[PDB]
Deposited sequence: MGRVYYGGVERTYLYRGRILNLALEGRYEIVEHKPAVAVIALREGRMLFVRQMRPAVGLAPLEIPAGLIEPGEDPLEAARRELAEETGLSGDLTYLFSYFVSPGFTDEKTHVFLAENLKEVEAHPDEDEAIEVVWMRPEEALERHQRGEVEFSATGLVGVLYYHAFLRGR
């Protein structure tokens, strides 16, 4: 049984016996390569007090499925559309939250539309800047970089 301590906009906090649980909407993230650059985004993230390197990502809204949310986030954050393929999903931190992220690949990007900074960057370069302490990653940014190195070279 869950007891709710807080019902919010983007999360709920519950207790389930001794466990502290944060309920959170599911998310999507989009991996996109063009001319050897990966599409990263950065924005201020008050939770961490900095702007980590992320890939385009967002919450799934009411009525939407993951593919539709992925299309919307890509367009809203970067002005692009592409051919989207589902890759895999993961729980961001299942020791305390149910947030699940669905990850897509986007191909054949086109500008559909001309706060969030678009940062095209070679993944090799993102990984080197991170190893040197120059940038932090979100899980989505790291998953994009590792996926590229595994499968897209």
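By the record, the deposited chain contains unmodelled runs at 1-9, 124-129, 169-170, with no C-alpha atoms placed there.
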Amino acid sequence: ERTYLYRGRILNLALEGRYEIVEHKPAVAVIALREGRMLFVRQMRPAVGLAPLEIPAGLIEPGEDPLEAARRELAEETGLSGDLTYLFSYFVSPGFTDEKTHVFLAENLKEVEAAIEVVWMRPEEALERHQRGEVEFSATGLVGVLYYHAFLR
From here on, numbers count along this sequence of modelled residues.
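The PDB entry reports B-factors from which the mean C-alpha value can be compared for 33-41 and 105-113; the larger average falls on 105-113. Averaged over Cα atoms, the B-factor as recorded in the entry is higher for 6-14 than for the other of 140-148 and 6-14.
Which of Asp98, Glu54, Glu125, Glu68 has the largest Cα B-factor in the deposited entry comes down to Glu125.
In this PDB entry, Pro94 carries a Cα temperature factor that places it within the lowest third of its chain's modelled residues.
In this PDB entry, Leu84 carries a Cα temperature factor that places it within the middle third of its chain's modelled residues. Annotation for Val48: C-alpha temperature factor in the middle third relative to the rest of the modelled chain, per the entry.
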